[PDB]
Amino acid sequence: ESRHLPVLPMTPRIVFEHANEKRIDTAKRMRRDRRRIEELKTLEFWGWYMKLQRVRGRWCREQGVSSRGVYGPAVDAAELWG
Amino acid sequence: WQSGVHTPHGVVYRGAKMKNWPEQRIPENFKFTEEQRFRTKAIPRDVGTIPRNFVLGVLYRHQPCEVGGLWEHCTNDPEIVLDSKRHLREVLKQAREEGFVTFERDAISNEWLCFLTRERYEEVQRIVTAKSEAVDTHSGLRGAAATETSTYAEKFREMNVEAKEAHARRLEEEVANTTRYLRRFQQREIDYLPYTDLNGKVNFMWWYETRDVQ
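Right, let's walk through the structure included here. (Residues numbered from 1 in each chain as written, not as in the entry; some residues may be left out. Chains lettered and ligands numbered in written order. Part of a larger assembly, values for the part shown. Heavy atoms only, no water.)

**A closer look at the nonpolar core**
Residues and elements named next belong to chain B.
Okay, so step 1: Membership of the largest hydrophobic core comes to 23 residues, with the highest contact counts inside it found for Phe-54, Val-55, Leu-59, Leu-70, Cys-74 and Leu-88.
Okay, so step 2: The set of elements that each furnish at least two residues to this core consists of α3 (50-61), α4 (67-76), α5 (85-98), β2 (112-116) and α6 (118-138).
Okay, so step 3: The element contributing the most residues to this core is α3, with five residues.
Okay, so step 4: Counting residues in each nonpolar core, the second largest holds eight residues, with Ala-16, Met-18, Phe-204 and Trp-206 among its members. (Core = buried A, V, L, I, M, F, W, Y, C linked by side-chain atoms within 4.5 Å. Buried < 20%, exposed > 50% of the residue type's maximum accessible area, 1.4 Å probe, protein only. Helix = DSSP H or I, 4+ residues; strand = E, 2+ residues; numbered from the N terminus.)

**Details of the pairing of strand β4 (residues 202-212) of chain B**
Each regular strand carries side chains that alternate between the two faces of the sheet.
Residues and elements named next belong to chain B.
Okay, so step 1: Bridge count for strand β3 (residues 186-196) against β4 is eleven bridges, and the pairing is antiparallel. What sits directly across from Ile-190, in β4, is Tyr-208.
Okay, so step 2: Counting the residues in the hairpin turn of β3 and β4 gives five residues, including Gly-200, whose phi is positive at 90 degrees. (Pairing = 2+ DSSP bridges.)

**Overview of the interface of chain A and chain B**
It is common to report an interface's size as the accessible area lost on association of the parts.
Okay, so step 1: Each partner contributes residues to the interface: chain A has 21 residues there, and chain B has 26 residues.
Okay, so step 2: For the pair chain A and chain B, the two sides together bury roughly 2,000 Å², of which 64% comes from carbon and sulfur.
Okay, so step 3: Seen at the junction of chain A and chain B, the total is one salt bridge.
Okay, so step 4: A salt bridge links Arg-45 of chain B to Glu-79 of chain A, with the shortest nitrogen-to-oxygen separation between them at 2.5 Å.
Okay, so step 5: Our count for the contact surface shared by chain A and chain B stands at seven residue pairs in polar contact.
Okay, so step 6: Contributions of two or more residues to the side of chain A that touches chain B are made by α1 (12-63) and α2 (73-78) of chain A.
Okay, so step 7: Among the elements that make up the side of chain A that touches chain B, the one with the highest residue count is α1 of chain A (eight residues).
Okay, so step 8: Classifying every residue of the side of chain A that touches chain B gives eleven nonpolar, five polar and five charged. (Contact = heavy atoms within 4.5 Å. Buried area = accessible area lost by both parts, 1.4 Å probe. Salt bridge = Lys/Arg side-chain N within 4 Å of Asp/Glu carboxyl O. Polar contact = N/O pair within 3.5 Å; in protein donor to acceptor, adjacent residues only side chain to side chain. Nonpolar A, V, L, I, M, F, W, Y, C, P; charged D, E, K, R; others polar.)

By themselves, these observations are geometric and do not establish any function.
Now the structure itself:
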């Protein structure tokens, strides 16, 4: 009959299929970028917490705070309860 | 730990002392009651980057490492960061879990020999080279004697060209003597602080310094 290139006429079914494909791609992209953002947030929060722990350790070292009870280093040397 | 209770009297480890821990004498008659000894606990030791690097370097030096041989080599080494045989065992266990050390029942002798995973051997080599370069760059006095450095390079080349087993043994003896001489004055102190991570697991942050007893 015809020899032109194979062209699908625009129909409700075809346009609905294209809309569904775009919706699926949009959902996938949204979730992927959301996961990336959450990973970045978690990484930076862990970095901040590590910085906080380093600052706490430095302050405790300066102030002579051992954070191991009212007992002196002798109990830790004994190691009978650590 | 304390020498008189956790070990028989007269046993002392020439490792890295803990900061502020008092070396207090204990009477010879001291002895635990069996139930108390069973209930006794132990302070957690550092299993992280520096201890594992030190142990990996020791194994890299002495690829075939027996138990007593490994402990003696660690004691001889001047970069000691460990504190006791318990700390050494914990570091070895951590390295094994990471996949660095492998223990094999030697056919020649019943003693358990130790090897390094070939996959991790490149990592061990990189760690050793990086540590050596960092020490060389940090040492301010090093390089002030160009003649001494040239003579040492000549000695290295001579050992490489000839059989260097005797030279290595003599160097190990000299290193042991120098480590004893250093311990006479200086000591590597360890200072630790507990903390709680986000996961809720209690861990310890450690830092090592060098103090001059004088």
